[PDB]
Every structure is written in C-alpha cells, then in structure tokens.
Amino acid sequence: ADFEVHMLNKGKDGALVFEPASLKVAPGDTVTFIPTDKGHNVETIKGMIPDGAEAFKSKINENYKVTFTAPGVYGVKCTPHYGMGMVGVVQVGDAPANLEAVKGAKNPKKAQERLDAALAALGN
Ligand SMILES: [Cu+2]
C-alpha cells in the first residue's frame, strides 16, 4: 500500500511539519513524500534507521516515493528545516527492535520534541 506524507509550511502541530508526523507501515509499503508547499525534502536522520536499512535523501521539491523494508523505527527530517523541527517517524512493523537507539540519538530541541511525540503516538 502507498501512503502520502505532506511536506508542509505549517499544519496542526505548528510550523514546518510532516503530516502525518508518525506513520506505521508494513514492509513493502511505500511512502510518497509530497512537496505540498515549496522548499522541503526528506532525509533519514543519522543513527535513526534500522540495521540493514538504506538511508535516503530526496531533492528539494521532489515528489519522492520510498519503499520500506526493514522493520523498525525510521527518523526522518527535512534537510533545510531539521534544526527548526521539521521531522517525523515512519515505523515498519510492530515492536521496533531499534527503539532505544532511536530514542537515544541527540537532536536539536524542536526536532527532539517532535520525534519523541511521534514515537509516543506510535505506541512506544
Ligand atoms: Cu522543510
């Protein structure tokens, strides 16, 4: 199945957001990151993807379809707006084995609050 994630200048959780900011998918599902507003992209965050998973980084304003395979939690960011809090989490499967590594990684304040909220929204 395919899921859109919208790259937004603002949304219900405020300024510079992925919507949804948390999403649980199955292996083989796709997430299509939509450049709903101009100036955004998507990139995996250092240290925040499962063992054996490929990192990825899209171009700004690119409609970017990612296939997820390896189970676990994936921290994602918008490259230009990471420091301003533009982040999300995609979780593949239940009971993510890399949860503590993901929770432990240091991020700027705004980003960390939204990562933590997304992990909590996913039941972790
Ligand atoms: Cu952005």
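Shown numbers run from 1 along every chain as its sequence is written, which may differ from how the entry numbers residues; residues without coordinates are omitted from display. As a rule here, side-chain values cover all heavy atoms of the structure and leave hydrogens and water aside.

The record names X-ray crystallography as the way this model was obtained, at a resolution of 1.19 Å.

In the nomenclature of the PDB entry, the protein corresponds to Pseudoazurin from the organism Achromobacter cycloclastes. The Function field of the UniProt record for the protein holds the comment "This soluble electron transfer copper protein is required for the inactivation of copper-containing nitrite reductase in the presence of oxygen." Here is the UniProt Subcellular location comment for the protein, exactly as written: "Periplasm". UniProt positions are given in the numbering used here, feature names are shortened, and annotations may be inferred rather than shown by experiment.

> Describe the coordination of the copper ion, and please don't skip the residues or the numbers.
Protein-derived coordination of the copper ion comes from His40 (ND1), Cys78 (SG), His81 (ND1) and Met86 (SD), at a distance range of 2.0 to 2.5 Å. The donor set comprises N, O and S atoms within 2.8 Å of the metal, extended to 3.2 Å for Na, K and Ca; water molecules are omitted, so apparent gaps in a site may simply reflect that omission. Site description for the copper ion: donor spacing in sequence, H-x37-C-x2-H-x4-M. Taken together, the residues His40 in the loop between strand 4 (30-34) and strand 5 (43-44) and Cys78 in the loop between strand 7 (72-77) and strand 8 (87-92) connect sequence positions 38 residues apart. Pair check on accessibility: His40 and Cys78 agree, each one buried. Secondary structure counts use DSSP, requiring at least four H or I residues in a row for a helix and at least two E residues in a row for a strand, with both numbered from the N terminus. Buried residues are those whose accessible area, probed at 1.4 Å on protein chains only, stays under 20% of the maximum for their type, while exposed residues exceed 50% and partly exposed ones sit between those limits.

> Give a description of the UniProt feature "binding site: Cu cation" in the protein that names residues and reports values.
Per the UniProt entry, the sites bearing "binding site: Cu cation" are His40, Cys78, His81 and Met86 in this numbering. Judged by maximum C-alpha separation, these annotated positions cover 47 residues in sequence but sit close together in space, the widest gap being only 9.2 Å. On the accessibility criterion, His40 (0% relative accessible area) is buried. Not counting residues within four places of it along the chain, the set of residues in contact with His40 comprises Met7, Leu8, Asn9, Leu16, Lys59, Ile60, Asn61, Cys78, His81 and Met86. Two N or O atoms form a polar contact when they lie within 3.5 Å of each other; inside protein one atom must be a possible hydrogen donor and the other a possible acceptor, and for residues adjacent in sequence the pair counts only when both atoms belong to side chains. Here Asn9 takes part through its side chain, which lies 2.9 Å from a polar atom of the side chain of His40. Positionally, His81 belongs in the loop between strand 7 and strand 8. Residue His81 is classed as buried on the basis of its relative accessible area, which comes to 16%. Contact between two residues is taken to exist if any of their heavy atoms lie within 4.5 Å; hydrogens are not considered. Setting aside residues up to four positions removed in sequence, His81 forms contacts with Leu16, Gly39, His40 and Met86.

> Go over the pattern of salt bridges with me, naming the residues and quoting the values.
The salt bridge definition used is simple: a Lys or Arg side-chain nitrogen within 4 Å of an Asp or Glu carboxyl oxygen. The tally for this structure, following the rule as stated, stands at 4 salt bridges. The residue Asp94 makes a salt bridge to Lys24 at a minimum N-O spacing of 2.6 Å. Here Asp94 is found in the loop between strand 8 and helix 1 (99-104), whereas its partner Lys24 is found in strand 3 (residues 22-25), with 70 residues between them in sequence. Assessed through its relative accessible area of 43%, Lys24 is described here as partly exposed. Put simply, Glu43 and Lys77 hold a salt bridge, and the shortest N to O gap is 3.9 Å. Here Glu43 is found in strand 5, whereas its partner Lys77 is found in strand 7, with 34 residues between them in sequence. The exposure class of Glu43 is buried, given its relative accessible area of 17%. The exposure class assigned to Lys77 is buried, which follows from its relative accessible area of 16%.

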